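Participant: Listed in order, the protein sequences are those of chains H, G, F, A and B.
6228 is the number that PDB author numbering gives the last residue of the first sequence; the numbers go up by one with no jumps.
5228 is the number that PDB author numbering gives the last residue of the second sequence; the numbers go up by one with no jumps.
7228 is the number that PDB author numbering gives the last residue of the third sequence; the numbers go up by one with no jumps.
187 is the number that PDB author numbering gives the last residue of the fourth sequence; the numbers go up by one with no jumps.
319 is the number that PDB author numbering gives the last residue of the fifth sequence; the numbers go up by one with no jumps.
C-beta atoms are modelled at their ideal positions from N, C-alpha and C, and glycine is treated no differently.
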Amino acid sequence: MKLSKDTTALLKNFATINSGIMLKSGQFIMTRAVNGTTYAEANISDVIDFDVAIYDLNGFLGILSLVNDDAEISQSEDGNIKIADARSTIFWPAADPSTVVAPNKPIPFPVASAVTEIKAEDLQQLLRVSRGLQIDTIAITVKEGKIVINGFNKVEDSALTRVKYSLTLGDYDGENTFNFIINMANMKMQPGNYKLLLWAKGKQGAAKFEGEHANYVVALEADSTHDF
Amino acid sequence: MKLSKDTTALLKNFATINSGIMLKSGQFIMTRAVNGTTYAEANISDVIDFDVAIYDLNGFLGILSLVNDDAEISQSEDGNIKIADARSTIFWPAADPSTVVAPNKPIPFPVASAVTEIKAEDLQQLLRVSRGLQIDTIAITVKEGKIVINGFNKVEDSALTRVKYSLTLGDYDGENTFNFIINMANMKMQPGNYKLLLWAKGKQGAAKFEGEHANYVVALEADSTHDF
Amino acid sequence: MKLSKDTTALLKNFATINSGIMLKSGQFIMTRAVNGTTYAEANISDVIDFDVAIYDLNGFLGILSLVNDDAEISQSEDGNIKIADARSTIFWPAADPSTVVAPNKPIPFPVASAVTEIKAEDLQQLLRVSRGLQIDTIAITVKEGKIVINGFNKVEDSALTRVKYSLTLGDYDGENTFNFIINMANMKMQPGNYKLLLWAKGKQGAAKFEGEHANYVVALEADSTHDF
Amino acid sequence: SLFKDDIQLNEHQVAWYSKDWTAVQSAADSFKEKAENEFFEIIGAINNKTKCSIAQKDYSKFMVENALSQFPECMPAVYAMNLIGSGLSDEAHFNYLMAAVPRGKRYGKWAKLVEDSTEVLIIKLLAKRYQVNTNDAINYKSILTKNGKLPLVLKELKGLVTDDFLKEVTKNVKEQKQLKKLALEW
Amino acid sequence: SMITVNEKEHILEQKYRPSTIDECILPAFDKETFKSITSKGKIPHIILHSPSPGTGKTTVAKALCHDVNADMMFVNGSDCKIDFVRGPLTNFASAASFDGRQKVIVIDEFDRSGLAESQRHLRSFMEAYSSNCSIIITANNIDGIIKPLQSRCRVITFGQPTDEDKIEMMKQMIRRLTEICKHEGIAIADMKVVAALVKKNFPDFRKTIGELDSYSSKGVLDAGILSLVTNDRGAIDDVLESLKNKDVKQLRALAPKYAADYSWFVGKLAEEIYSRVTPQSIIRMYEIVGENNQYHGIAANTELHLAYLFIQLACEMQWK
DNA sequence: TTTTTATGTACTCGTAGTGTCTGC
DNA sequence: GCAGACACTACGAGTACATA
Ligand SMILES: [Mg+2]
């Protein structure tokens, strides 16, 4: 197995979801968050030829940058990892799987309870503004027939009443009133275009972001109100 | 009202003077350091269509960097600030104009005492060097009928003795002896060429930097000496 | 005298070896580490016209990188260093050789005991990997008829038993057995290619790197194991 | 080591002249040398009935109070300064003791307990596991050791010895010897 | 004249800060130890510590420098952090002197706690740089100077003068005060007043002059101003007098007076009774006041609970 | 011939790791 | 485009304080 520019892009992102990762032989990888709040699957252009656990996924992605593209990872002389440069060789510790948090099954999302979309441009504006305004919570709902995103500081807001930010996205052709709430530190996904699929059955509900590179699924918070 | 990358620029500057700002309806903005060490004033393009107090000036200048140039700043029905970007809306606070330190009126300079100028290029060469050379105090005096600036390092020689730097500013026409000492900490003004009007009366005195865009007036220090 | 980009770029590197330098009249410049472990030598276009020790080496060049190339560097009227820019002047402190240490004489290099070379990209990889693997010591020896380098972390590795990184330079055509150990602190050399030259006699020895712009000699530590 | 005439510069010169502050750091750190605590000069002043030398110094109402607690003859006036200590001048507290503790003498050794820190572990690991406090945790150890041999309980619980928990029990490599010991003879 | 005036300042205990090492009022041995130093021409590593404020420490530092025509860097001790020592302190030491001038670094008020690292760091800085320059340290509490520094340094303790150095040093200061009155235009009608200021404040010459400022309000030091300087402190006298006399009508009356800050008043009481009462009555006054203090803030009526302290004392406390 | 209790809170120092702004 | 350099954050260690 060798790794491309496009492959380590993802993984560098997955390290923000969970420090380490457990990847298995195939064209597909997922880290899930430890607290279980958020989860990411994706399919890539490279093939994994063996199972291994990596406890410091960031650390490892760093040493990778310093080797040629042609570089060859493979199980090293003992249970551990080896990256073979044309001229040199580098060893990385292979994690005991007790130590890394694995998702345990490729969660096969339901049928969308509502679909909308969010642009590379809009997601960009959100993430950043979130910083300046100390906006730790957002709730997606319908405002004058369009799907709007709202956001607040759940610390000094607590009721999610005073609205620090509003984003218009697209309009809503269905007839049902819903208010869906996400914890912001649960929004970790690489920049760019995502098809947003909201789904809710009663007290369980979720949000899947369908990107042109990976897919992301975030937990909805307890406060979400709706009819579905 | 709408703010232009030109003016959003002149403000990030007045943020290095007072963390806050008072702006009243008009084409004219002033601010002054809380401890009265520096006073800035300017006339601007974009037109200011309501009064307000801004506690955070540098963080709201941070949040206006995230919208489009077309974004419409209005007082909020609810009296705070509404920034309407095209696809989006942001909400930013207003404090009362009691907690932001405004000067009363636009302090007019007296008839100057001596006058020189400085080129844009030569301001660069001062600031930028001070860091390296640790020049924390500078002095405008006359040398050979030609006014020079002098950098010193006040911690190294408390006496302003070994002059680490000097820049000759132009011919000195009148006849008086003076050493004006300015704290590098007060030099907050943006780059470019300035007409320099300085004034002294005994234990009185001040230095006005008259720029193209805005005016700057900077306190001297107390070991400053002169006959005027 | 004036300085060239070439002679400036060269110098900063020489700063990483010693915080200062002692230079004299010529086209030849040099520093040695204080601890004695590393030394450098280089010859350049620009011509040195007076003997001066510097103190903040990285500093002197900082000021330089600001003024013009037309900058003339004299001995200050007070024995310091005077630098003449367009409209202005700057005095850098003349250092006190009591403190400074540089090479007494450029002691030259015994003919190579064994000869190899190292490619540009390959020096880089070593250095930038030493960071992510925390390698503080390396070893040049022979495995399988080729001359290679081995990165170990001396803090967790007493005996350098456990190899994290190895760099193959191409085959060994001599018959001798060596294990040579350098400290990663003392590898200050700049990028670009280097012909390598290794010399030993039994309790004492060194390594010279011969590049397109310079030469370096770093000393080997004790645990070097060698014959002849 | 080239050049072979270098008037060997001291540990410090090398560091500073070359400017690697981590060398400067090992160098400075060399002077660490930390003790002080002239507390016994104050204490011994109160026993042996001598000249005060105080309020110029740093007094620990607790050090003194406690040091004197070593000797049953003082207790009446140590106790007095207990119920009444809070809200006495650091100085007043010293004036009392001087006017209180009558004889004088003391040799050093303070009382500490015996800790089988094998046994301290087993008790804190029951206390954590079951969210019960120490006295009950005790009863626990006994009915396990008595019946069920508690290797099993030690077996299931070993899983969490988390090394931070170890930071609570003892202070040194004896801690790293336990790390292994509970991971062993079950 | 013989006196220095700074004339750039109005605050008068700072207008008159001595220029040389002679101008200073110091104990015999110390003053000489200082001349002797300015003789041999180069200044050793010195630590100067009071702990009483205003004994001359930071003045005697500035002087040694004037008397050696030293090149000086005066630094705020609290400003001298690890990066200063690495920085402009090394910048200074290592940069060259063609004046042939002793390079001296004055670190004023170096006794802070968090500077432990800056201090260990200096004690080493000293070994590498010792021959370029030298270091004078001002401190109030020496303990705030790491022991490895007190070692490498000459440590001179101001403030603890012999019995004869007390007597002469005050004379020297009475003379000095009179001279300041000559310049500032103050008239001395009764001199017992200038002696009062000096005795009253003695170890501290700074307040000693300051008190000269505040008592010149009218422009003359007279027999009436004597009565103020000398006049006998504490206002706990009314209670102390009523306790001696063992009466109530008066004590009962004073209680609501000090009901305001009880915490302070109980302190001033323990302080001033400790001297004024018999040794075994000392052990009781602490029991009596120490208990009254414990239960304050439980006590409903603070005024009354204060009365109950007064009665308790008047009975058991005895003294002359 | 000595030698450190418990619970909460605050200020400062130092460094290391994170960011953004800048220069071939 | 990156790598380098500057600035701001945070955590760990030290210190000191008050109430029980
Ligand atoms: Mg002082």
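If the cut is a Cβ gap below 9 angstroms, which residues of chain B does F:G7079 touch?
Facilitator: Here the question's residue 7079 of chain F lines up with position 79 in the third sequence. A95, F97, listed in chain order.
Participant: Do H:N6018 and H:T6031 have their CB atoms nearer than 8 angstroms?
Facilitator: As a position in the first sequence, residue 6018 of chain H is number 18, starting the count at 1. As a position in the first sequence, residue 6031 of chain H is number 31, starting the count at 1. Yes, they are a contact pair.
Participant: F:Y7165 touches chain H at which residues, Cβ-Cβ below 9 angstroms?
Facilitator: Your numbering for residue 7165 of chain F matches position 165 in the third sequence. Chain H residues near F:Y7165: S6088, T6089, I6090, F6091.
Participant: I need the boundaries of the alpha helix (DSSP H) containing B:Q149, first residue and last residue.
Facilitator: Within the fifth sequence, numbered from 1, the residue matching residue 149 of chain B stands at position 150. Residues 146-151.
Participant: Could you say if the stretch 7125-7140 of chain F and the stretch 34-45 of chain A meet the contact criterion of at least three C-beta pairs nearer than 8 angstroms?
Facilitator: Contact between the stretch 7125-7140 of chain F and the stretch 34-45 of chain A is absent, because fewer than three Cβ pairs lie under 8 angstroms.
Participant: Which runs of the alpha helix (DSSP H) at least 4 residues long sit entirely within the stretch 99-131 of chain A? Give them in chain order.
Facilitator: The stretch 99-131 of chain A contains these whole alpha helix (DSSP H) runs: 118-131.
Participant: Expressed to the nearest angstrom, what Euclidean distance is found between the alpha-carbon atoms of F:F7060 and F:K7188?
Facilitator: What you label residue 7060 of chain F is simply residue 60 of the third sequence in a count that begins at 1. What you label residue 7188 of chain F is simply residue 188 of the third sequence in a count that begins at 1. So the alpha carbons of these two residues sit roughly 19 angstroms apart.
Participant: So with CB distances below 8 angstroms, who are the chain A contacts of B:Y273?
Facilitator: Position 274 of the fifth sequence, counted from the start, is the residue given in the question as residue 273 of chain B. Those within 8 angstroms of B:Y273 in chain A are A93, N96.
Participant: Where does B:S93 land, buried or exposed, given buried means 16+ other C-beta within 10 angstroms?
Facilitator: As a position in the fifth sequence, residue 93 of chain B is number 94, starting the count at 1. So B:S93 counts as buried.
Participant: Between which two residues does the alpha helix (DSSP H) containing A:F41 stretch?
Facilitator: As a working mapping, residue 41 of chain A is identified with position 40 in the fourth sequence. Where A:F41 is concerned, the enclosing alpha helix (DSSP H) stretches over 40-48.
Participant: How many angstroms separate the CA atom of A:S61 from the CA atom of A:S54?
Facilitator: Along the fourth sequence, one-based indexing puts residue 61 of chain A at 60. Along the fourth sequence, one-based indexing puts residue 54 of chain A at 53. Approximately 14 angstroms, taken between the alpha carbons.
Participant: Run the CB neighbour count on F:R7162, radius 10 Å, all protein chains shown included, and call it buried at 16 or more, exposed below.
Facilitator: Translated into positions along the third sequence, residue 7162 of chain F becomes position 162. Answer is exposed; the Cβ neighbour count stays below 16.
Participant: Is B:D66 near ligand 1, with its Cβ less than 7 angstroms from a heavy atom?
Facilitator: To locate residue 66 of chain B, count along the fifth sequence from 1; it is residue 67. No, ligand 1 has no heavy atom inside 7 angstroms of this Cβ.
Participant: Here's the rule I'm using: 16 or more other beta-carbon atoms within 10 Å means buried, otherwise exposed. How should B:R16 be labelled?
Facilitator: Numbered from 1 along the fifth sequence, position 17 holds the residue referred to as residue 16 of chain B. When all chains shown are included, B:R16 counts as buried.
Participant: Let me confirm a value: F:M7001 is counted as buried when at least 16 other C-beta atoms fall within 10 Å, else exposed. Which label applies?
Facilitator: As a position in the third sequence, residue 7001 of chain F is number 1, starting the count at 1. Label assigned to F:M7001: exposed.
Participant: Using the C-alpha atoms, what's the distance from G:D5157 back to B:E8?
Facilitator: The count along the fifth sequence starts at 1 and reaches residue 8 of chain B at position 9. The count along the second sequence starts at 1 and reaches residue 5157 of chain G at position 157. In a straight line, the C-alpha of B:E8 is about 21 angstroms away from that of G:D5157.
Participant: Within a Cβ cutoff of 8 angstroms, which residues of the same chain sit near B:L196, ignoring the five residues on either side of it in sequence?
Facilitator: Your numbering for residue 196 of chain B matches position 197 in the fifth sequence. The residues are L176, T207, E210, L211, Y214, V228.
Participant: Which chain F residues sit within Cβ distance under 7 angstroms of A:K175?
Facilitator: Taking the first residue of the fourth sequence as 1, we reach residue 175 of chain A at position 174. Those within 7 angstroms of A:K175 in chain F number zero; the least Cβ separation is about 23 angstroms.
Participant: At least one CB of chain F closer than 8 angstroms to the CB of G:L5057: is that the case?
Facilitator: In the second sequence, the residue the question calls residue 5057 of chain G occupies position 57. False, the Cβ-Cβ gap to chain F never drops below 8 angstroms.
Participant: Is the CB of A:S19 under 8 angstroms away from at least one CB in chain F?
Facilitator: Working through the fourth sequence from its first residue, we reach residue 19 of chain A at position 18. Taking Cβ atoms only, chain F reaches closer than 8 angstroms to A:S19, which makes this a yes.
Participant: Could you spell out where the beta strand (DSSP E) holding F:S7088 opens and where it closes?
Facilitator: The residue given as residue 7088 of chain F occupies position 88 in the third sequence. Here the beta strand (DSSP E) through F:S7088 covers 7088-7092.
Participant: Would the stretch 25-42 of chain B count as touching the stretch 104-124 of chain B if we require 3 or more Cβ pairs under 8 angstroms?
Facilitator: No: fewer than three Cβ pairs fall under 8 angstroms.
Participant: Of the residues that make up the stretch 7096-7111 of chain F, which ones have a beta carbon closer than 9 angstroms to any beta carbon in chain B?
Facilitator: Listed by position, the residues of the stretch 7096-7111 of chain F near chain B (Cβ gap below 9 angstroms) are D7096, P7097, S7098, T7099, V7100.
Participant: I'd like the list of long-range same chain contacts for A:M64, defined as Cβ closer than 6 angstroms, with 5 residues on each side in sequence excluded.
Facilitator: For the purposes of this step, residue 64 of chain A is taken as the residue at position 63 of the fourth sequence. Cβ within range, chain order: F40.
Participant: Enumerate, from N- to C-terminal direction, the unbroken beta strand (DSSP E) stretches of 3 or more residues contained entirely within the stretch 6163-6188 of chain H.
Facilitator: Taking only runs of at least 3 residues, the beta strand (DSSP E) segments lying wholly in the stretch 6163-6188 of chain H are 6165-6171, 6179-6183.
Participant: Answer yes or no: do B:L11 and B:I36 have a C-beta to C-beta separation smaller than 8 angstroms?
Facilitator: Position 12 of the fifth sequence, counting from 1, holds the residue named residue 11 of chain B. Position 37 of the fifth sequence, counting from 1, holds the residue named residue 36 of chain B. No, Cβ-Cβ distance for B:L11 and B:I36 is not below 8 angstroms.
Participant: What does the Cβ neighbour count give for A:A93, buried or exposed, with the cut at 16 atoms within 10 Å?
Facilitator: Here residue 93 of chain A refers to the residue found at position 92 of the fourth sequence. With 16 or more Cβ atoms within 10 Å of its Cβ, A:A93 is classed as buried.
Participant: Should H:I6054 be flagged as near chain F, meaning a C-beta pair shorter than 8 angstroms?
Facilitator: Stepping through the first sequence from its first residue, residue 6054 of chain H is reached at position 54. For H:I6054, the answer is no, since every Cβ of chain F falls outside 8 angstroms of its Cβ.
Participant: Assuming A:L3 and F:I7107 are in contact, meaning their beta carbons sit under 8 angstroms apart, how far apart are those beta carbons, in whole angstroms?
Facilitator: For the purposes of this step, residue 3 of chain A is taken as the residue at position 2 of the fourth sequence. For the purposes of this step, residue 7107 of chain F is taken as the residue at position 107 of the third sequence. Their Cβ separation, rounded to whole angstroms, is 6 angstroms, which keeps A:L3 and F:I7107 in contact under 8 angstroms.
Participant: Quick check: does the Cβ of B:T57 come within less than 7 angstroms of any heavy atom belonging to ligand 1?
Facilitator: Looking up residue 57 of chain B in the fifth sequence gives position 58. At least one heavy atom of ligand 1 is nearer than 7 angstroms to the Cβ of B:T57, so yes.
Participant: When we look at the beta-carbon of A:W111 and count the other beta-carbons within 10 Å, is it buried (16 or more) or exposed?
Facilitator: The sequence position of residue 111 of chain A within the fourth sequence is 110, counting from 1. The residue is exposed, with fewer than 16 neighbouring Cβ atoms inside 10 Å.
Participant: Ignore the nearest five residues each way along the sequence and tell me which others in B:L242's own chain have a CB closer than 6 angstroms to its CB.
Facilitator: Counting from 1 along the fifth sequence, the entry for residue 242 of chain B is found at position 243. Closer than 6 angstroms at the Cβ level, and outside the excluded window around B:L242, lie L312, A313.
Participant: For H:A6071, tell me which candidate among H:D6078, H:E6077, H:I6063 has the shortest Cα-Cα distance.
Facilitator: Residue numbering aside, residue 6071 of chain H sits at position 71 when the first sequence is read from its first letter. Ranking the options by Cα distance to H:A6071, first place goes to H:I6063.
Participant: Can you give me the start and stop residues for the alpha helix (DSSP H) that G:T5141 sits inside?
Facilitator: In the second sequence, the residue the question calls residue 5141 of chain G occupies position 141. Taken as a continuous stretch (DSSP letters only), G:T5141 belongs to no alpha helix (DSSP H), being part of the beta strand (DSSP E) at 5137-5143.
Participant: Which residues does DSSP pair with H:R6032 in a beta bridge?
Facilitator: What you label residue 6032 of chain H is simply residue 32 of the first sequence in a count that begins at 1. Answer by DSSP bridge pairing, in chain order: H:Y6039.
Participant: Indicate whether A:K125 and A:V170 have their beta-carbon atoms separated by less than 8 angstroms.
Facilitator: In the fourth sequence, residue 125 of chain A corresponds to position 124, counting from 1. In the fourth sequence, residue 170 of chain A corresponds to position 169, counting from 1. Result yes, Cβ atoms of A:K125 and A:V170 sit closer than 8 angstroms.
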